[PDB]
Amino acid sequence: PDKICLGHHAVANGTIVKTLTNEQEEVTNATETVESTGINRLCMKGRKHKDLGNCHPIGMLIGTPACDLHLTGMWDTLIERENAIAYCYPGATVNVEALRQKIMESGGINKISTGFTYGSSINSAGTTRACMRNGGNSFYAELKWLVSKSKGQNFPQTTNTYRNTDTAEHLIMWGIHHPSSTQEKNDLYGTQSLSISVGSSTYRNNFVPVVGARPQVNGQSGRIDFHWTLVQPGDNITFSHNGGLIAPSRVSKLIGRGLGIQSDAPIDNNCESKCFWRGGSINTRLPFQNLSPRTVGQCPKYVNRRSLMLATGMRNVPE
């Protein structure tokens, strides 16, 4: 007799997906849930960004020549590049990574003069070939290399106090010079025993310059180790020293919030993005990605899978 038959559609080539019971289930259609493709550029549209270039974030606070255009500023996004320079004169900073993270988490930097002054037997204009500027020997912009005005003379016992009169905490950095020979130490600060004491109401510490033979870095066997702390509003911090202090001429103030990115990818001011990594940006609607476990911003979650297909159709049952 007459007849009406019910049925469903199918396709010649379906796609494979996984279910609870079957690793190899064929369906009519499916779509990817794991993003494999990123953008090999830094998508900065809509962001007031600062590209530090060859300037390392820590160099912003102490004022390395490479950071001359980055001593102050405002930004919602801060970009660090590989092999950026923090030190012209060789040295190291205590809790360097904590400090770098503070800066890369900020929305800008301001600088405030310490107002430090020095008596006539101090030369506060110490320079070095390690920090060139305009084809001449120079120094960290935000610091002063104090040495005896007369070569060999004992550096005078000296006291300098920074007073934070702001309503927000300030970040103060200073250096301690560690000479490469006793002759050098004597030339710069005299033969007396050297000591630098630092004290606020919250911070207390002491430093001693130390002579030692060392490899040259940028032509220098000497070293300047850097230290930092936070000065609270209304607090004073006092430097008590008789040679070896690399004193601050300005302190820093980290303002607001910003997103910190480490990448060498070129900036594109026409795409926008919320997710970044070493290789660039990630713009995707997909909830997962397999590009990198080291991302910043608002990102899809990293998973160790090339592909996870989500079925968008019924079982495929071809003819």
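When you see a residue number, it is the position in the sequence shown, counting from 1.
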So, looking at the entry's B-factor column for Cα atoms, which has the higher mean, 93-101 or 142-150? 142-150
According to the deposited model, is the average Cα temperature factor higher in 163-171 or in 238-246? 163-171
Using only the C-alpha B-factors in the record, can you name which of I58, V27, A265, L52 has the highest? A265
Among the modelled residues of its chain, the C-alpha B-factor of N40 falls in the third labelled highest
Chain third (lowest, middle, highest) by recorded CA B-factor, residue given as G280: middle
Could you tell me which third, lowest, middle or highest, the C-alpha B-factor of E272 occupies within its chain? highest
The third of the chain into which the C-alpha temperature factor of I196 falls is the lowest
Lowest, middle or highest third: where is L286 by Cα B-factor in its chain? highest
